[PDB]
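Input: a single structure, listed below in structure tokens.
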Amino acid sequence: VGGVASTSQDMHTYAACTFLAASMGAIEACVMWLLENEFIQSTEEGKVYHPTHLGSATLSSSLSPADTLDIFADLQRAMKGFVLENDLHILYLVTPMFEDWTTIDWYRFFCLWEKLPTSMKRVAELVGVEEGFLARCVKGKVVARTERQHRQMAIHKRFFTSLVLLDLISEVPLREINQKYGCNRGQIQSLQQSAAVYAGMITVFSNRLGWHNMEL
Amino acid sequence: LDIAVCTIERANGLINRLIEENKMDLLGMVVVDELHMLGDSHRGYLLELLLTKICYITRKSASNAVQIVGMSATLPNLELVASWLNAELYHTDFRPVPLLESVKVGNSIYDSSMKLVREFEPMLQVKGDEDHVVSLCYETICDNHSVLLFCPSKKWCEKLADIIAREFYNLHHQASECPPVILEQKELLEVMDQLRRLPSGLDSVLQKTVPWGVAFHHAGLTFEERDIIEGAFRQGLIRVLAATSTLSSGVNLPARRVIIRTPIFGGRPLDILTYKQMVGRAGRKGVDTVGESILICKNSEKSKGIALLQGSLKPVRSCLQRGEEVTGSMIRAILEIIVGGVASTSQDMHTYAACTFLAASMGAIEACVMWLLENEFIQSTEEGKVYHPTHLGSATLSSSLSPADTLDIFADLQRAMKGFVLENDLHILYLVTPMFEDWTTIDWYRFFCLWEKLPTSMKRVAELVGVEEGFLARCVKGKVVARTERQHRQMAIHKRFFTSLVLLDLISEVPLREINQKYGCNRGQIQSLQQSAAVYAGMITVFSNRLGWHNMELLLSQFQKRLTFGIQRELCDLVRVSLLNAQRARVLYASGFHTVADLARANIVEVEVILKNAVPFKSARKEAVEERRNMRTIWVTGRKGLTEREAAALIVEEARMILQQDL
Amino acid sequence: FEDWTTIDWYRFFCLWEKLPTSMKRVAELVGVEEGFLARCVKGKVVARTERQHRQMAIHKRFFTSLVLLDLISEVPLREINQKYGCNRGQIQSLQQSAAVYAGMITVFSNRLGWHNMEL
Ligand SMILES: [K+]
Ligand SMILES: [Mg+2]
Numbered sequence: 540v541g542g543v544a545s546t547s548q549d550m551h552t553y554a555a556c557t558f559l560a561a562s563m580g581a582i583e584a585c586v587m588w589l590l591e592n593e594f595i596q597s598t599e605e606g607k608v609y610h611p612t613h614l615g616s617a618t619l620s621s622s623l624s625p626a627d628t629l630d631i632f633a634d635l636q637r638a639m640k641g642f643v644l645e646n647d648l649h650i651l652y653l654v655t656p657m658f659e660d661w662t663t664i665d666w667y668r669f670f671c672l673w674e675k676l677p678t679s680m681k682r683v684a685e686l687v688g689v690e691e692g693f694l695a696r697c698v699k700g701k702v703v704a705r706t707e708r709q710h711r712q713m714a715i716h717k718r719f720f721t722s723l724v725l726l727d728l729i730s731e732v733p734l735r736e737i738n739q740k741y742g743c744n745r746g747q748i749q750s751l752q753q754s755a756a757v758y759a760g761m762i763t764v765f766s767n768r769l770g771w772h773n774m775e776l
Numbered sequence: 184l185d186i187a188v189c190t191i192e193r194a195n196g197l198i199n200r201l202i203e204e205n206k207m208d209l210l211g212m213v214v215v216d217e218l219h220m221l222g223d224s225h226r227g228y229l230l231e232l233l234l235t236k237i238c239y240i241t242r243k244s245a256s257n258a259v260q261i262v263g264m265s266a267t268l269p270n271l272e273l274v275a276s277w278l279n280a281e282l283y284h285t286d287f288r289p290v291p292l293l294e295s296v297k298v299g300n301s302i303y304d305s306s307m308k309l310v311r312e313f314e315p316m317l318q319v320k321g322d323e324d325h326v327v328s329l330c331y332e333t334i335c336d337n338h339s340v341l342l343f344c345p346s347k348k349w350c351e352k353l354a355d356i357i358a359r360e361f362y363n364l365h366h367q368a375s376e377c378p379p380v381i382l383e384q385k386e387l388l389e390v391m392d393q394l395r396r397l398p399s400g401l402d403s404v405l406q407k408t409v410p411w412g413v414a415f416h417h418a419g420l421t422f423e424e425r426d427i428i429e430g431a432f433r434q435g436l437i438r439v440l441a442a443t444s445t446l447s448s449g450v451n452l453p454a455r456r457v458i459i460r461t462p463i464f465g466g467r468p469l470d471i472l473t474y475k476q477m478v479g480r481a482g483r484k485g486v487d488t489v490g491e492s493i494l495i496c497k498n499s500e501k502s503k504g505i506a507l508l509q510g511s512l513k514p515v516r517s518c519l520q521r524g525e526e527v528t529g530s531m532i533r534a535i536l537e538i539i540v541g542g543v544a545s546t547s548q549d550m551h552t553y554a555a556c557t558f559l560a561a562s563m580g581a582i583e584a585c586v587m588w589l590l591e592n593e594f595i596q597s598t599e605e606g607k608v609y610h611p612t613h614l615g616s617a618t619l620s621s622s623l624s625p626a627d628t629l630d631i632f633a634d635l636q637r638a639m640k641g642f643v644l645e646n647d648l649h650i651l652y653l654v655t656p657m658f659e660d661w662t663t664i665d666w667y668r669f670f671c672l673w674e675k676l677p678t679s680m681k682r683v684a685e686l687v688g689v690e691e692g693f694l695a696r697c698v699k700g701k702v703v704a705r706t707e708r709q710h711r712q713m714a715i716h717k718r719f720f721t722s723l724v725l726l727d728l729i730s731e732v733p734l735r736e737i738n739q740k741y742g743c744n745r746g747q748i749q750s751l752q753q754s755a756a757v758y759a760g761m762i763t764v765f766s767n768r769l770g771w772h773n774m775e776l777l778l779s780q781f782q783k784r785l786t787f788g789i790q791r792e793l794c795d796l797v798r799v800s801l802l803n804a805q806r807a808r809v810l811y812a813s814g815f816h817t818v819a820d821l822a823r824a825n826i827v828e829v830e831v832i833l834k835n836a837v838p839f840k841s842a843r844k851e852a853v854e855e856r857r858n859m860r861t862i863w864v865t866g867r868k869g870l871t872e873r874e875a876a877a878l879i880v881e882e883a884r885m886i887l888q889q890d891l
Numbered sequence: 658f659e660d661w662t663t664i665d666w667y668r669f670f671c672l673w674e675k676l677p678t679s680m681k682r683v684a685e686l687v688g689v690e691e692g693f694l695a696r697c698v699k700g701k702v703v704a705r706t707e708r709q710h711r712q713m714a715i716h717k718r719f720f721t722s723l724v725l726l727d728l729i730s731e732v733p734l735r736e737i738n739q740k741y742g743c744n745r746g747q748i749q750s751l752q753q754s755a756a757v758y759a760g761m762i763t764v765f766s767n768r769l770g771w772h773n774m775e776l
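Protein chains in written order, with PDB author numbering: chain A, 540 to 563, 580 to 599, 605 to 776; chain A', 184 to 245, 256 to 368, 375 to 521, 524 to 563, 580 to 599, 605 to 844, 851 to 891; chain A'', 658 to 776. A prime marks a further copy of an entry chain.
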């Protein structure tokens, strides 16, 4: 995408420069992966590889290609039905969930769930949050998550996090947020610096794809 | 400024601007043209609220204060208006050129008292309908004069302009060209070329007629085409102009002879005010000895024609009237004074009631106040009984929206924010698509055809709004409008979604000709629609800003400018230049000039060349003529004729002047 | 749970456009994205190595339900063959599979107390 390796000969030239080759195929497999997921193009001057819009967007956003796939689908999903009455749904799109920032108390979570206003419950449903799963978290500490489609866990963790970010930009004291959710001030501050960076990435990603309304 | 020129809607808002800022002291006087619109109009009622507000404010200070200069045609209750405004009165019947109102039945021409004033006999007979219409026009032209011919429908005007122009070709010579060789060969050519270099192009019928000093004029044409024809006729380039009732109320445009084709306009008998506006354009001050007016009739419509010649104008109504105890105009008038903060208590309300035009002719007010209370527009505090504005109140006033309309808008917006589509601009356009008046007669079968071909992203928006496919089918099969029931606002929804599609292509820079053929509406109706939606879009944006709806405001704030010029986001910067419209902005964008900054460093002769490329020609276009180096083929506003070179040089000069003011 | 035919995706996309609104609502409600149908015709990329790419089964399932719809609508076996591009052998094998599966889901709904769904 950067334009310093275009042809197929340049790829293996790069393979010589790696730390992996200093210790003394797979490269060709990665190129095909980029082809299968529309990240890169192949033209008929035999066999020259070029970047797509999805490619050029991913590079400028500093996003991982593995993560970009789920993000690209999720954004398209949000643009089909979007809630604008609060900032919660927007925050969800910029709420990072690639690492655990705290140990979430699920019973407390379910308690905040019932007390949650209707405008924010609509956002929860629109995302993937099922009340049945929250109950199955409190009753039994079954994480499961061995199955890949159990990215269902990340969703509830992500919605929990967006609530925290909502109070944070609502200028709620660090002490209230600690007592309300049950996380220390260290975990909160580490989270906001992570979400601030991620929010910039998703904004750039939306700008390079021409999604003006979403970028705005 | 010193003098601000406004329309009625815009003036009333500006007044409201002055109330919120207490800068009412800046205003020295108000001049009202066409004072007879105080009576009854779509917006004529705003003239009273405007004047009444001034009369209420000037009373609260009770040496010079605020002077009012009003003028109109002869009204029966004109003395009532002067007394209401505490104004001195003056009336006259003076007219520099005597008007000879007459009516023709067959060959005979009578005056208002049915006494014969001329037995008309056609100099050269031609075939057709011919109530001597062509012969009458010919007689006027031969005396080196001009004639206005008024016709009911837009289609008769074109048909008549065609017959007359066609016969003018045969008769002069006694048996789509260049204009004949006189002193004006250059200016007739300049007019057709100016028409050619327009977003509309050169009309097919005009290409035939204009070479022979003949043209038509109606609302079907764009505002730029009509500005050209009116100027051509006013200069004498066009000798015959077949127009509609649109021109009669339009700009000042006189002629020697005025002909009215029939007393039946739109299938109904002709209004008296319209008649006086048509026959009033007969007689050019300083040119003609007399002005002649001819109303062509049959024996059946003979009695109805005389009624117009002897008829007089109806008395001016208040437009604030009570069956119903409540009325729209009153609710709005009360909202402006309470929210604006010039009527707070209950005593002030009835003080205002004294200042109205309604009370000048010699309860309901209290009913309107309660209405504002019931719908959360206004507050009542326990210093007994003082009324205050709410957020919904203050928002409605700043948006210049009608309180009756604000209720449905407020609910609809809250509905959109619960589930909103962002992948296209259609859903946003729907929120700023105006539907308070019909802008065209929609062909439903065509609509259903575009419905099937409609992409999935836009069908989702249709469902999300209220558009049911069953109702579209029940429109094509049977022309049942129903709409007697109030919940049949269901009709407006499908009409509104149809309109938003048109606005979508419009800001997608789709040619006016494609949009006409695709939907089946003329370029006149489209242009009138976009200027309506541009204004409405600004209102909804302000309404969203005053309610704190930032996310919604953020999305809307880009469509007012785009609806105005009919452009995409990229051209928003170029169109700041006065001379740059949608087409010129695109070709300059596609040639490397994206911004004003890029346009100020620009070489003039290069801009000139790029402009030459945006023009529409009949042959698949786009002699060494060193005579066109001076042809003024570019039209402006308050215009001197501009050549393609001067226009290019003005654009670069203007671009430079703007860039410096930005730093 | 098994493939009953080799689906021609270009034909599928053609039936998609011609599909009435009542059945497009059902498609969206299930998981059928028009973008994925286009990415099937342009490139024969099955992917499906990733587990969340059960997305493939969904479009295959909706294609199959259309066939079953015409089948219980008493549409001739010959029309269905020409319309979708599958032989009469694959159709008949499919209906005997769906008849059995339909009974299972009915029993499953009855034992869970889901009366409205069972009905
Ligand atoms: K302009
Ligand atoms: Mg006047």
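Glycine residues also receive a C-beta, built at the ideal position from the N, C-alpha and C atoms.
Where residue i falls, given that 16 or more other Cβ within 10 Å makes a residue buried
i: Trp588(A); result: exposed
i: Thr546(A'); result: exposed
i: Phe642(A); result: buried
i: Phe558(A); result: exposed
i: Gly770(A''); result: exposed
i: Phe432(A'); result: buried
i: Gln752(A'); result: buried
i: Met264(A'); result: exposed
i: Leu891(A'); result: exposed
i: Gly760(A'); result: buried
Residue i Cβ short of 6 Å to ligand 1 heavy atom set
i: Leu802(A'); result: yes
Own chain residues within Cβ distance below 6 Å of residue i, not counting five before or after
i: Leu635(A); result: none
i: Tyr667(A'); result: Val698
i: residue 785(A''); result: It is not possible to answer for residue 785(A''), since the shown part of chain A'' is limited to 658 through 776.
i: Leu672(A); result: none
Residue i Cβ short of 6 Å to ligand 3 heavy atom set
i: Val797(A'); result: As far as ligands go, the structure on display features ligand 1 and ligand 2 and does not contain ligand 3.
Close Cβ partners of residue i (< 7 Å) along its chain, the five nearest in sequence each way excluded
i: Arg521(A'); result: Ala581
i: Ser779(A'); result: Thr763
Collapsed DSSP secondary structure at residue i in the structure displayed
i: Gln367(A'); result: coil
i: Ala442(A'); result: strand
i: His219(A'); result: helix
i: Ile862(A'); result: strand
i: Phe361(A'); result: helix
i: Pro379(A'); result: coil
i: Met212(A'); result: strand
8 Å CB neighbourhood of residue i in its chain, flanking five on each side removed
i: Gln260(A'); result: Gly211, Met212, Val213
i: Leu507(A'); result: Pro462, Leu469, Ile471, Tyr474, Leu494
Practice task
Return the chain-ordered ranges of every beta strand (DSSP E) run that is complete within the stretch 614-679 of chain A' and spans a minimum of 3 residues.
Solution key: Runs of the beta strand (DSSP E) lying entirely within the stretch 614-679 of chain A', each at least 3 residues long, are absent.
Problem - Within the stretch 767-803 of chain A', ranges of the beta strand (DSSP E) (whole runs, at least 3 residues) - result: Entirely contained in the stretch 767-803 of chain A', not one beta strand (DSSP E) run reaches 3 residues.
Exercise for the section: Jot down the residue ranges of each uninterrupted beta strand (DSSP E) in the stretch 277-330 of chain A', minimum 3 residues, whole runs only, in chain order. Expected result: Look at the stretch 277-330 of chain A' and you find these whole runs of beta strand (DSSP E), each 3 residues long or longer: 292-298, 301-303, 309-312.
Handout entry: Those runs of the alpha helix (DSSP H) which lie wholly inside the stretch 689-771 of chain A and span at least 4 residues
Key = With a minimum length of 4 residues, the continuous alpha helix (DSSP H) runs that stay inside the stretch 689-771 of chain A are 691-698, 712-728, 734-741, 745-768.
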